[PDB]
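Just the one chain here, the form deposited in one PDB entry, laid out as structure tokens.
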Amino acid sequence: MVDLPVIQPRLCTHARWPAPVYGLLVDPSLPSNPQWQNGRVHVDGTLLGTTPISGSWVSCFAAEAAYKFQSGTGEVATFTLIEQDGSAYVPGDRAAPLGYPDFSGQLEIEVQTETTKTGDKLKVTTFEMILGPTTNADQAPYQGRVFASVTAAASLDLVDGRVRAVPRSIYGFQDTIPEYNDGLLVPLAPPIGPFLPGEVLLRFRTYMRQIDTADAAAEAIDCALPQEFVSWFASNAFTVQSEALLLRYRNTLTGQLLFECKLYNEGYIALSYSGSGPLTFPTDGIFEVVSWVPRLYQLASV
């Protein structure tokens, strides 16, 4: 029978940005059927979209980096993507290498670099990389090819080599898929859904380090499941016996039931909620499996 890790959401890892889960909420005002590509797993353990097993791969990429100074742009990186375990990336039935960012904006990335300049050798360099939604950089992670740059008055004298780019900050965040293939379609995990009438997506929320020259408001990003649930399902390879699982989210020290919900086999959780605005929930509960239920099982409202 399916079970779930005994871990409070606040101790869990976000599945779309490398940070803790900080929030648990429903919000019917947000897009109902997001097409997130990370944090997507089937209850039978099948990874969907670009979802990786390891949280450390989330919103990162690995590449053979080649650098060239371009007067008036700076040092330009051409990244030939590989999978983050070092194996070759081959275009296939997903949008990009595992873990590749599945949102838009301009990302600051950090990579190890090596210079031939006298007096130093190894340092970490921050590059800027446009993700999407549309760009003039002709990004094609689906083809294993993306471009980044760093302002420089003159050449940094970098040595080409293998990198793993990790995210420093997002600028102009938009929760819409990035440019995966220079404007062309790619294979995608479908939109999250469907929901019964009155059901809404349960969101696990974290916040993204941000550049914003005017607004101090935090940048929220949601995912359908914590990363620990992804690796749990991928490891256990459960057999599914119906279309959804009835869960209870409970304080284990109080016994207080906070809500019941349905985990659809396709890897997203629904609550029955008719409110118009956000409803947040404590993050120190535990999800417990109750039973298999069919798609049409009707939940108690929150």
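Note that residue numbering follows the sequence shown and begins at 1. Rigid core (definition): largest C-alpha set, two forms, superposition within 1.5 Å. Shifts are known only where both forms have a C-alpha.
We do not show the form deposited in another entry, though everything after this point is about it.
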Choose, among 215, 85, 93, 138, the residue with a C-alpha displacement of 2 Å or more between this form and the one not shown when the rigid core is used for superposition. 215
Determine whether the C-alpha of residue 181 shifts by 2 Å or more between this form and the one not shown once the rigid core is superposed. no
Would you say whether residue 169 is displaced between this form and the one not shown, judging by a C-alpha shift of 2 Å or more on the superposed rigid core? no
Aligning on the core only, does the CA of residue 231 end up 2 angstroms or more away between this form and the one not shown? no
Since the CA distance of residue 114 and residue 150 differs by 3 Å or more in the other form, is it closer or farther than in the form displayed? farther
Regarding residue 135 and residue 147, go with closer or farther for their CA spacing in the other form versus this form, the difference being 3 Å or more. farther
Using the rigid core for the fit, write out the stretches of 3 or more consecutive residues with CA shifts of 2 Å or more between this form and the one not shown, ordered by sequence. 113 to 123, 133 to 135, 212 to 218
